[PDB]
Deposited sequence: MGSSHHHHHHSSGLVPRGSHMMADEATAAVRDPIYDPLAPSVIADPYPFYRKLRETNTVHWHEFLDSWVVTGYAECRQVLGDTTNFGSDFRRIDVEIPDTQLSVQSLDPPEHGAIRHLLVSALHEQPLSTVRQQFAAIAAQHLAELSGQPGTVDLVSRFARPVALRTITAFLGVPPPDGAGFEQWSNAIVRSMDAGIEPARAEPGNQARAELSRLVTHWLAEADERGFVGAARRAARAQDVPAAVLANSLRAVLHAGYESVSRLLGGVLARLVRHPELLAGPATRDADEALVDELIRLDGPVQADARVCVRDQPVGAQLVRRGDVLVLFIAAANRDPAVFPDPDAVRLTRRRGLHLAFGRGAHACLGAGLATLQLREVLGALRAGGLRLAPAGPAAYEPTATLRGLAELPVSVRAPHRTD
């Protein structure tokens, strides 16, 4: 199947499942990569940095030192920047973070109220909430919302350069733009917030710069598109918000919403040393694309995998990855989604579909182009 085909983009999960039912580890000749849709296989590969990696220099590919980043480094170089970032994260008092995240979500939901017409929740909520959320965490002044979204979208689309090579160049321009933003914050930002703390811990400057850019961009786009998908489920299934509304009830719901609507559809690795993966033998130099969203629909692990079931065992889904590169912001994201759920219950606003959910032609990171709804108090 063509991952950018409109009908695939409309709902890829049947295509994931049919791929998996024929072979959990599938060689895609025209992409020249293994496609891994089984839960056990994605989980195996994600955690094994000895045989599968993110630093293509381990297969003798020249990567300039100027381009190195936390997400493209493996042990031993990965540990230095990784724990630097985690240490800066852990300096942020969570009471403050929750206060900020809750206020941002409430503010944008109130702007939506009193609107008697159709509203786009992507541009009106997911994106602006994501941007204010991540820059509040970083302790830096928010950039212009529309302008930032354009640069960042170019980068998301460049992730599909394997499918459409022309999508690659716009990303290089957008990366350079975010690098300018990161450079400016490193020079000017307050000692409060994440940026200030990471600057103190400092690892080479390029790794730090590109790693801060990764925090900015991953955090913006992961949260933005998580909210889009979650809201899309909620507008069609408002009963999800009618639940008990306890802490533990929202914990289970958040886990299911992240399992089902996590935006990361593909997480790539390179084979550094031969290893059996599923029914196949993967060879050194082979690229593996882990379809972790499909893995998160593996019926062997998640019965009725396309259904929200609030009594499932926690700790299973792979939407934050697993192992050395597992999402640094996983705690922040589950926190942020709780506050959104909480704000929606406190808003009592009624959001009903005002048209179809429209998805953007991005295959690696799933995102809505538009989520038209009507608001009713």
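In sequence order, the gaps in C-alpha coverage of the deposited chain fall at 1-34, 237-240, 416-420.
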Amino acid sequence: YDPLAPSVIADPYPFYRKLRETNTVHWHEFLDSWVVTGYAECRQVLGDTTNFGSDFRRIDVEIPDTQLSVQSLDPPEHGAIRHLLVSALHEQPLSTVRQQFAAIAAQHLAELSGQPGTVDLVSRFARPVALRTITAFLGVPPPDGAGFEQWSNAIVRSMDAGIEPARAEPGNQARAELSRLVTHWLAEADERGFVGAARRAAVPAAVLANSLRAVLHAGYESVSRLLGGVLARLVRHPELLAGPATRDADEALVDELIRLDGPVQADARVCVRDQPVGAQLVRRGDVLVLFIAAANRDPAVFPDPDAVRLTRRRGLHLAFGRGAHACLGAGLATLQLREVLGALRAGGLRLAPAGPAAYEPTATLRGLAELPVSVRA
From here on, numbers count along this sequence of modelled residues.
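Across the two stretches, 21-29 and 351-359, the PDB entry reports the greater mean Cα temperature factor for 21-29. Comparing the deposited coordinates for 288-296 and 106-114, the stretch with the larger average C-alpha B-factor is 106-114.
Of the candidates 54, 50, 69, 336, it is 50 whose Cα B-factor is highest according to the PDB record. Within the group 228, 263, 303, 204, the record's highest C-alpha temperature factor is found at 204. For residue 164, the recorded CA temperature factor ranks within the middle third of the chain's modelled residues. For residue 273, the recorded CA B-factor ranks within the highest third of the chain. Only modelled residues enter the ranking. When the modelled residues of the chain are ordered by C-alpha B-factor, residue 219 sits in the lowest third. Ranked against the other modelled residues of its chain, the C-alpha B-factor of residue 45 as given in the entry falls in the middle third. Remark: residue 238 belongs to the middle third of its chain, ranked by C-alpha B-factor as recorded.
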